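Everything on this sheet refers to the single structure shown next.
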């Protein structure tokens, strides 16, 4: 997406579903014997998501207005928005 | 306090926040690598607290009759009293 | 005429109340069940950590 | 002394590891003594870890210890002193006095570990202890040689209940009693020491019909664990060796649970549910089986239990709940109503309650009492919202009787001549059955509810009816 | 000096170096590992023996070839501070990342510093008012104070803080620091733009603001020392320039969170939930370096992204310890639609008192709290059986409480973009009068909807005319 973004050209990216990434990172982490975070989801899950999400941007005029809209699709646990992920 | 108590002088000791003492001993114990008691407060936090509290007393008249009075102050987190401390 | 209506209303209100209370019972019960699971999990984590160390 | 010389290697709290020499062989459950300026520190051997390096638990405090310190071995489970000279003497965990009446011991000492008597040894009894506390007698019949259990929430006058029991039952009782305190507060201790000097059960001159074992929570968890074991053996010595029946009393066994939980964790045995040791059941089993009616004697334990936050679904009270013969639950509400004792009688169940066992009349009366009180409680919601008077006349009479009965449970206590000022009442079992029967028949429904309040038997109830009338 | 090491391990950005030379950098020293992509600044945190330290790496580790030469740059990282840091947005290192070019550094100061002493404290009490009614009534601020905000961040949480910047910092004459840990880059760009626009930062000429921005993209370790970096800049103003400062931190949950991650990696067995064992000490030290001292009393605004609104998670709990005022913001009250979304039974200041802010204010607030507490108390009872079927006296109270809740709704100036409603800042003296009247039911002759999202009492009246149309 960033190749398009870094052409200045406008793009969009939909990440469906990061909730399944959380379970994946959980599996990987647990199998790496990294201590369980809250809801058994690792402590660097915040870091993972934040690094992923913040690479989507509307760049500056210099960078050609590089759009890359981000729409991450979260599958809410029982529809309860209070929940760590 | 015991010096006052010993003199036969009566006194009163407020231990605020004793709850924060527990957090401190938790930090120490886990970095002395001691096994964690429930709620990560080591399983002898009780021993520390019990010995401390029992040092407030009303002495006999042969022991002067001095008296240290104690008021410990425990914070309840969410009013939770089922909590170990 | 009034007294019959009065008692009829008392019955009606008290019936609908039982229903409303029931709905709220169900809502807090589901929350209770989830909360129960969370307590188990939080305790479980403590045990896991302990075993790990 | 003994070639068994170990040098301390690690003081990691109460856990103190010792390095006995290769030739020398220690054994699990032994007692090590280390001469110290703080008496002799006793370490109970609890593991062997290899090359004669043991992991032992301290009884006394571990301040100032120097790793490398020569360690003598007693050679087996901590040895208390036993005798009939133990009577009216406070015995600390290692056996040393607190009553300060010099050398406690007759000519004997004994180890504090002993085995629970086998199935063959067990001898059943249906004998009925009498408390002399009318409500307790009627609605929770007690048994001689039993394992009575004073389950309750926070400090429900736990000591007070025990004091009343000692005041009534002990003086009446001809055997011995053993008062064992596990981590009990020294204010309570001083009161008890004074109180039993006053009641003369600690008879300053002459023999005392009680012995004392006072444990303070100040003492490390390890000492808290084996104060229980110490007391248990004293009762066994009485039961067995002196042959007499006893009335054991232990206080508070949740403190025993807490202590055991702590040293489990320290032993590295990862504490099980709600932080309570995985060995809780078996530890309870050893204590409980040790207390029983043998053919050598009969011992009636009354063991206080603290039920954290009045949650008896918690595994530790619940586990104890199974092992005890004759449960009682002390409830705050009833206490607040002013009733002494504070037991909620619909929350008290004693094993003896079988119809012919307690006698058909007693049983029938007790079924009726339970219903009468239960009727008042069930109807309480109706009386509360719908209103008192909308209920049936029959229901209202049952409520009126229940209110009279409720306050006929109120027995002012002798040991609450300091907690209420009003003297005790020692009411015979037969007298209680009769007086409660009368009330149910409605023979004294012409006597006010408050003319049953804080007075004894029927004679007293009438007297207070007259007193109020005057 | 050239004190070599090799990178034995790279377990995350918690690199372990083995200083080959027995000359071993001390703890809290700073090291430069040279790389083709800049350099990495690492900070010694443990000595693990055999001249093998374990070092926090404040930059995102990648590319590292196992066994990479090190050079010791020594001591705590010394940031560059100045009047030429005003205007600048500075990296954790201190590098001006807004590319207003290099800071002409007068003093370069160590990141680690010690909080002033008990005797050095100068304890203030001077009222700071915002013009936000709910704030003024329930938890009035004090200049130099420690202010606190809790709940979900950027749920308009960021906006709430922005409103505070708009109000309080356009009424503060001294310096002001915005430090945003885990800041949302777009919001940051907007803020920077807005600041430049409102002259608060002016590219030419002075800026009474300085900026530190830490993006949540940046690795946890960088985020951990964003706070300390900002805190140093604050000390330069507090001490060296002397002047009273504002400070904004957004969010310090990110600081705690980062710490828990690194703690595990460090080898520290994780304390309850997962938090760092040193959570209390670090938070304590940091929040006492924002303290009110004879040299300056620094007004702080602390923003906690309470995770799932678990205040019982120890880090929000321990934040309350280091605060004199709190304004816990409730998601529920947000759902009720109230902006400000402040929980009204969970706001406090020690400034609220019957003589500190006077008896009349205190009485009015007392009554508001009691009234609302009753209304909340009867929420079950109302629902199962209507308020009609509850007591008449209470029914007046309930109707009144519904009005009071709505009265507390007040539009805000930079909320004007989002809400679309022109903001209101109402004088504190006016607020007391207004609420007093409503409590006396003087204006309880007009719709509940009238009180909703409006400022002063006069505005309610005018809006009654509007509703009538």
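Chains as they are written, first to last, in the entry's author numbering: chain B, 256 to 340; chain C, 256 to 340; chain G, 224 to 276; chain D, 6 to 475; chain F, 7 to 475. A virtual CB, placed ideally from N, CA and C, is assigned to each residue, including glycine.
> By Cβ distance below 6 Å, which residues in the same chain neighbour residue 373/F in space, the five residues on each side in sequence not counted?
Replying inline: 445
>> Can you check whether the C-beta of residue 290/C is within less than 8 Å of a C-beta belonging to chain D?
In response: yes
> The beta strand (DSSP E) with residue 252/F in it runs from where to where?
Replying inline: 251 to 256
>> If contacts are defined as beta-carbon pairs under 8 Å, then residue 289/F and residue 238/F qualify, I think. What distance do you get, rounded to the angstrom?
In response: Contact doesn't hold; Cβ gap of about 17 Å is too wide.
> In this structure, does DSSP put residue 154/F in helix, strand or coil?
Replying inline: strand
>> Please report the straight-line C-alpha distance between residue 278/D and residue 156/D, rounded to a whole angstrom.
In response: 20 Å
> Hey, is residue 261/C's beta-carbon within less than 8 Å of any beta-carbon in chain D?
Replying inline: no
> Are the beta-carbon atoms of residue 448/F and residue 460/F separated by less than 8 Å?
Replying inline: no
>> Run through chain G and tell me which residues come within less than 8 Å of residue 275/D, C-beta to C-beta.
In response: 270, 273 and 274
> Cα separation between residue 276/F and residue 108/D?
Replying inline: 51 Å
> Should residue 299/C be flagged as near chain D, meaning a C-beta pair shorter than 8 Å?
Replying inline: yes
> In whole angstroms, what separates the C-alpha of residue 282/F from that of residue 265/F?
Replying inline: 6 Å
> What do you get for residue 323/C, buried or exposed, if any count of 16 or more other CB atoms within 10 angstroms of its CB means buried?
Replying inline: buried
>> Please list, in chain order, the residues of the region 385 to 413 of chain F that have any C-beta partner in chain G closer than 9 Å.
In response: 386, 389, 390, 391, 392 and 395
> How many angstroms separate the CA atom of residue 438/D from the CA atom of residue 223/D?
Replying inline: 45 Å
>> Tell me the DSSP secondary structure of residue 24/F in three-state form.
In response: strand
> Is there a Cβ from chain F that is less than 8 Å from the Cβ of residue 227/G?
Replying inline: no
>> Just list the residues that DSSP pairs residue 221/F with in beta bridges.
In response: 189/F
> Under three-state DSSP, which class holds residue 93/F?
Replying inline: coil
>> I'd like to know whether the C-beta of residue 330/C is nearer than 8 Å to at least one C-beta of chain D.
In response: no
> Which residue's Cα is closest to the Cα of residue 440/D: 140/D, 23/D, 78/D and 55/D?
Replying inline: 140/D
>> Ignoring anything shorter than 3 residues, give me the beta strand (DSSP E) runs that lie fully in the region 10 to 95 of chain D, in order along the chain.
In response: 11 to 17, 20 to 25, 36 to 40, 45 to 53, 58 to 63, 75 to 78 and 84 to 87
>> Would residue 197/D pass as an interface residue toward chain C - the criterion being a Cβ-Cβ separation below 8 Å?
In response: no
> CB residue 187/F to CB residue 257/F, shorter than 8 Å?
Replying inline: yes
> In the DSSP assignment, what are the bridge partners of residue 115/F?
Replying inline: 85/F
>> Here's a check: name, in chain order, each residue in its chain whose Cβ is nearer than 8 Å to the Cβ of residue 87/D, leaving out the five neighbours to either side.
In response: 110, 111, 113, 114, 115, 238, 239, 242 and 246
> According to DSSP, is residue 291/D helix, strand or coil?
Replying inline: helix
>> If I measure Cβ to Cβ from residue 328/C and keep anything under 7 Å in the same chain, skipping five residues before and after, which residues do I get?
In response: 269, 270, 271, 272 and 273
>> Quick check on residue 323/F - is its C-beta less than 8 Å from some C-beta in chain C?
In response: yes
> Between residue 266/C and the rest of its own chain, which residues show a CB-CB distance below 6 Å, the 5 nearest in sequence each way excluded?
Replying inline: 256, 259 and 323
>> Quick check on this structure: which residue in 296/D, 364/D and 104/D has the alpha carbon closest to the alpha carbon of residue 329/D?
In response: 296/D
>> Pop quiz: residue 61/D and residue 30/D are said to be a contact at Cβ under 8 Å. What is the actual Cβ separation, rounded to whole angstroms?
In response: The pair is not a contact, with the Cβ atoms about 15 Å apart (cut-off 8 Å).
> Whose C-beta lies closer than 7 Å to the C-beta of residue 194/G among residues of the same chain, with five residues either side of it excluded?
Replying inline: The structure shown does not extend to residue 194/G, since chain G is modelled only from 224 through 276, so no value can be given for it.
>> For residue 386/F and residue 117/F, I'd like the C-alpha separation in whole angstroms.
In response: 53 Å
> From residue 269/D to residue 289/C, what distance separates their C-alpha atoms?
Replying inline: 13 Å
> Are the Cβ atoms of residue 183/F and residue 254/F separated by less than 8 Å?
Replying inline: yes
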